[PDB]
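Coordinate-derived values only; no laboratory data. Neighbour counts run over all protein chains shown; Cβ positions are idealised from the backbone, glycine included.
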Amino acid sequence: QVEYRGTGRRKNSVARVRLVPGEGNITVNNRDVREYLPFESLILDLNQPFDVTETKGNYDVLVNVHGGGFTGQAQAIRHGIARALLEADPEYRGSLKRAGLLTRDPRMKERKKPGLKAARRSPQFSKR
Amino acid sequence: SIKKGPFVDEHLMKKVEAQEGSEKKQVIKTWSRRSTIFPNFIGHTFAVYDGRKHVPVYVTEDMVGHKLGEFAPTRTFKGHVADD
Amino acid sequence: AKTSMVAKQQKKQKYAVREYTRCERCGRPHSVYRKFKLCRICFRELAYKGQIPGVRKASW
Amino acid sequence: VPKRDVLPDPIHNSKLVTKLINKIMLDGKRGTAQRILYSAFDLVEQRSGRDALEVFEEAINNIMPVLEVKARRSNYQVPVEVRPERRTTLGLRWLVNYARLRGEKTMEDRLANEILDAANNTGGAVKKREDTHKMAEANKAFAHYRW
Amino acid sequence: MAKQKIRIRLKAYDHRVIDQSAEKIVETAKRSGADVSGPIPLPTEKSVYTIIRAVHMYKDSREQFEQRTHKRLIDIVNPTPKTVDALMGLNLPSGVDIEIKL
Amino acid sequence: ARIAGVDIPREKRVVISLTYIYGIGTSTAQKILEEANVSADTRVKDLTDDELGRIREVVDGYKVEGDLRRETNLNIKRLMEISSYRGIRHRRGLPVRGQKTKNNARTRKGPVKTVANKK
RNA sequence: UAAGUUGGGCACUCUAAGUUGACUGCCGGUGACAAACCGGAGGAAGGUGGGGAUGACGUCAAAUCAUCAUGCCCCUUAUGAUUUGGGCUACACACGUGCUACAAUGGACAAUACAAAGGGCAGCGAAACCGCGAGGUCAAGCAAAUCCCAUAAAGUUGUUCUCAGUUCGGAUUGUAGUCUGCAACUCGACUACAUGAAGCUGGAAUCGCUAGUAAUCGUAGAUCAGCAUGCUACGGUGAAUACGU
């Protein structure tokens, strides 16, 4: 058979997505999506790629990933998906780029400078 | 506290052995900070250097709850106008 | 004063640490590093000179 | 300066839920609000058998101001239509903020009581509506000939 | 893993001097033999030293410093006394810190 | 009264019920639950007589009692009777170690009066 | 295979080096045709792309003679020197900075997953063993992408709790102990037992902040015989609003 493969980068995380034709059933680290996310029921948003692109779906999935909390890497999922669906056919880009899901969100944390301490709060003045 | 075990500065004992096996004093000089009480040192009259001038204190048998290392602080009334 | 305290922290000592590791040239004890044994200001005003290795600065 | 939306949430399928959960998220714990809200849409259907969107949508019409004021200058204050964004923002804002002010010990009883009483045109949300719409659109005469 | 091998480590504080020097000792490695390994990178550890721009006070306006440290890793297979001389023949320039090893 | 020592509230769970006794907290309680083999079940005092006796006699194991209050009494009062600077700071909210009283009035002495002699 | 641990592999991730790219720059309109504004495509990234570093002439006779250097002035058998002990840490009070609280988004118990960054040679302390515990024995590997620091915590699933000054809180005090240092009395840190404070969201006034921000959880380090609620960086979850001047 044949599969496609593109990475996933977001939010201090790294995901190596492996896109195999199939029915759609997903096990990151050989472990199901429910088995990896607290709680979580925003998972259909990781299936947002499948509603707009490869409508309705589906392809079975394998992936390995580490780094960063559950959210940012749960949404690192998306980018190797869209990239990989474009590896299949550049047909799919026109409905993607009017939706995005592919521009690896460049924003992430910010350094400190004096004012921020053990938690992220900037300081006061001396009253009275 | 202590790592097993009790102790003395071991100039104190060397003095007070000759002071104690024979007739005792009503008076002693010392510094006595790295040291403490245990049964050899009772009845004798030690005087920790308070900072200005050591004061005679006579040890008591019951000085197990209190010790030698201090009796009369450096604060010494008070420092403040009001009191407890 | 500071002059006899140089001698203080130079001589032999009764035991391991009554010590303080102060700056070689500057007589300041405080805000000193063991890696260099240089005080606060002195490492800086030498750090600008392009003398110790190395860059220094602004990537973090 | 524009809004930067929140997408859907498919529990239970709608978006106002999505805008709702974020306000309850005291101190950044999104799973707790997620739970207690979703269960609130289990229990509001359990007691007083109906649909979640019936009680919810109907209430957040019932508690939803459409006219409103703002001050400027002596003390005058313009009566002002509400944008649909702020319309729902006020509905949900004052909704939770008073839903707190009930005073029950339970996560969801307070809410189901809140929007199911609101959906019966009772509860301090509706009273807030009636007070705002009282002082507003009763003193319109002086502040209305402006922006 | 088991194999005849040479391996070393370099260290210095400038990517240009270290990588040109790497070009030297790789060139001279396969000059006198074969089976060289390229200039394999390494994470390039760092440091930090936060200091106040001050003499007396005003801690709010602080200042930083750092000391980057390149790290480079080279291996060769099938040793011989000649590539030995390629190691102990040329390190130059000498801000580098070679530690010839096996 | 009633099941042990004095002053237990009825119809309460064991793990908390056995702490109003002056002498037990929360863990040593659990220990004496491990001796006589009792437990709550559920929010409430289910203790029938057949367990009551064993808890009633096992509980003698400790000081628990007001004798602990007297123990404290002769401890501190001995501590000031002997010499003692430790009693002087036993009045100052200052243990044998120290706490740096400048704001430590309101842990003991109820900030009233407020009066400041600045400058 | 316990396990990438090893055969094999460098495809991907990555690691650090070289270079491409974003510049009104391409299109359309507007506009003195111009500058420039507005919108359209493309691209990962459009109008200084986010950030940092960087701080004009000068001002406040601002701060520092106690980092240092130094003019003048002054001390000298002491305004110089060594040492033990002491204090710099006091305590009717106010002020400012910050921590934890005033409990059901909560508290206790059990299971369970996801990091980043940085340090270790006379220092990291793996396994195993003892102990309720801090800790102790013991010794393998470790000058480091190797091995140790080092479980990340919040979370998620469960049991219980059902509104009380409460299994709320965690101050103070007594006892019993751990380590460091000679010695923890003024004055260290730490665990175990018991205690079980004030306090049930804050008046007059008032500060912070426009998105990875606030809010919020924990981690690493320096200084270091022992000692950071503070400082610095590190990431984790992650929002509402911006009508308008």
Checklist entry - When both residues are 6+ apart or on different chains and their Cβ atoms are under 6 Å apart, which pairs have a first residue that lies in segment F:96-119 and is away from every other protein chain (no Cβ under 12 Å), and a second that is near RNA strand G (Cβ under 6 Å from one of its atoms)? => result F:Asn104/F:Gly93; F:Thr107/F:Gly93; F:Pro111/F:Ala105
Next on the checklist: I'd like the full set of residues that are loosely packed, with under 15 Cβ neighbours inside 10 Å and either over 26 Å from D:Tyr38 (Cβ atoms) or not acidic (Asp, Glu) (or both), limited to segment A:28-38.
Outcome noted: A:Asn29, A:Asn30, A:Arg31, A:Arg34, A:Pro38
Item to check | Top-ranked residue in segment C:44-54 [being more than 8 Å from chain E (Cβ to nearest Cβ) and assigned to a loop (DSSP other than H, G, I, E, B); ranked as surrounded by the most Cβ atoms within 10 Å (Cβ to Cβ)] | outcome: C:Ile52
Checklist entry - If you check every pair at least six apart or on different chains, which have Cβ atoms under 9 Å apart with a residue in segment B:48-60 that is away from every other protein chain (no Cβ under 14 Å) first and a residue that is not in a loop (DSSP other than H, G, I, E, B) second? => result B:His54/B:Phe46
Next on the checklist: Among the listed residues A:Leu116, A:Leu86, A:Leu102, A:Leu42, identify the single one that is under 30 Å from E:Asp60 (Cβ atoms), surrounded by 12 or more Cβ atoms within 10 Å (Cβ to Cβ) and within 12 Å of RNA strand G (Cβ to nearest atom).
Outcome noted: A:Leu116
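Yes/no matrix, rows are residues, columns are (1) closer than 21 Å to E:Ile51 by Cβ; (2) within 14 Å of chain E (Cβ to nearest Cβ); (3) assigned to a loop (DSSP other than H, G, I, E, B):
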site: C:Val6; (1), (2), (3): no, no, no
site: C:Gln13; (1), (2), (3): no, no, yes
site: C:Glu19; (1), (2), (3): no, no, yes
site: C:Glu24; (1), (2), (3): yes, no, yes
site: C:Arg34; (1), (2), (3): yes, yes, yes
site: C:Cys42; (1), (2), (3): yes, yes, no
site: C:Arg56; (1), (2), (3): yes, yes, yes
Checklist entry - Residues A:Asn25, A:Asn64: which one is loosely packed, with under 14 Cβ neighbours inside 10 Å and within 12 Å of RNA strand G (Cβ to nearest atom)? => result A:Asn64
Checklist entry - Yes or no: C:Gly50 within 8 Å of RNA strand G (Cβ to nearest atom) and out of contact with any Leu (no Cβ under 7 Å at 6 or more places or on another chain)? => result no
Item to check | Meets criteria (more than 9 Å from RNA strand G (Cβ to nearest atom) and either assigned to a loop (DSSP other than H, G, I, E, B) or over 27 Å from F:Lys77 (Cβ atoms) (or both)) for B:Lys4 | outcome: no
Checklist entry - Do we find a residue being more than 12 Å from RNA strand G (Cβ to nearest atom) and hydroxyl-bearing (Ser, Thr, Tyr) anywhere in segment F:44-54? => result yes
Next on the checklist: Could you go through segment D:101-108 and let me know if any residue there is among the acidic types (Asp, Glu), within 28 Å of A:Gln75 (Cα to Cα) and buried (at least 18 other Cβ atoms within 10 Å of the Cβ).
Outcome noted: no
Checklist outcome for this item: Scanning segment C:2-19 for residues that are near RNA strand G (Cβ under 7 Å from one of its atoms), loosely packed, with under 13 Cβ neighbours inside 10 Å and closer than 28 Å to E:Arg53 by Cβ gives C:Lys2
Checklist entry - Hey, among the residues in segment E:32-91 that are closer than 17 Å to E:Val17 by Cα and within 12 Å of chain C (Cβ to nearest Cβ), which one's surrounded by the fewest Cβ atoms within 10 Å (Cβ to Cβ)? => result E:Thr44
Next on the checklist: Residue under question is F:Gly87, and the condition is that it be more than 6 Å from RNA strand G (Cβ to nearest atom), farther than 30 Å from B:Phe46 by Cα, among the small types (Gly, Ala, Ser) and surrounded by 11 or more Cβ atoms within 10 Å (Cβ to Cβ); does it hold?
Outcome noted: no
Checklist outcome for this item: Among helices (runs of 4 or more DSSP H) completely within segment A:11-105, the ones holding 1 or more residues that are more than 11 Å from the chain's Cα centre (by Cα) are A:48-52, A:77-88, A:93-97
Item to check | Residues (closer than 18 Å to C:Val32 by Cβ and not charged (D, E, K, R)) located in segment E:45-102 | outcome: E:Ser47, E:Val48, E:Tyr49, E:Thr50, E:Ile51, E:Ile52, E:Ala54, E:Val55, E:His56, E:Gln64, E:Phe65, E:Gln67
Checklist entry - Has segment A:83-97 got any residue that is basic (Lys, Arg) and on the phi > 0 side of the Ramachandran plot? => result no
Item to check | Long-range neighbours under 6 Å by Cβ, at least six apart or interchain, first residue at the interface with another protein chain (Cβ under 7 Å from one of its Cβ atoms) and under 16 Å from B:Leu68 (Cα atoms) within segment F:69-92, second of a type in the set (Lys, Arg) and surrounded by 17 or more Cβ atoms within 10 Å (Cβ to Cβ) | outcome: F:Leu79/F:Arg86
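Where in segment F:30-116 are the helices (runs of 4 or more DSSP H), entirely inside, with at least 1 residues that are over 30 Å from F:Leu18 (Cα atoms)?
Helices (runs of 4 or more DSSP H) meeting the threshold: F:67-82, F:85-88.
Can you confirm whether segment E:54-66 contains a residue that is within 20 Å of E:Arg9 (Cβ to Cβ) and within 20 Å of the chain's Cα centre (by Cα)? Reasoning before the result, please.
In the first step, residues of segment E:54-66 are kept if they are within 20 Å of E:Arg9 (Cβ to Cβ); the result is none.
Scanning segment E:54-66 turns up no residue that is within 20 Å of E:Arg9 (Cβ to Cβ) and within 20 Å of the chain's Cα centre (by Cα).
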Next on the checklist: Every residue in segment F:11-38 that is loosely packed, with under 13 Cβ neighbours inside 10 Å and within 13 Å of RNA strand G (Cβ to nearest atom), please.
Outcome noted: F:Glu11, F:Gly25, F:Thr26, F:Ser27, F:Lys31, F:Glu34
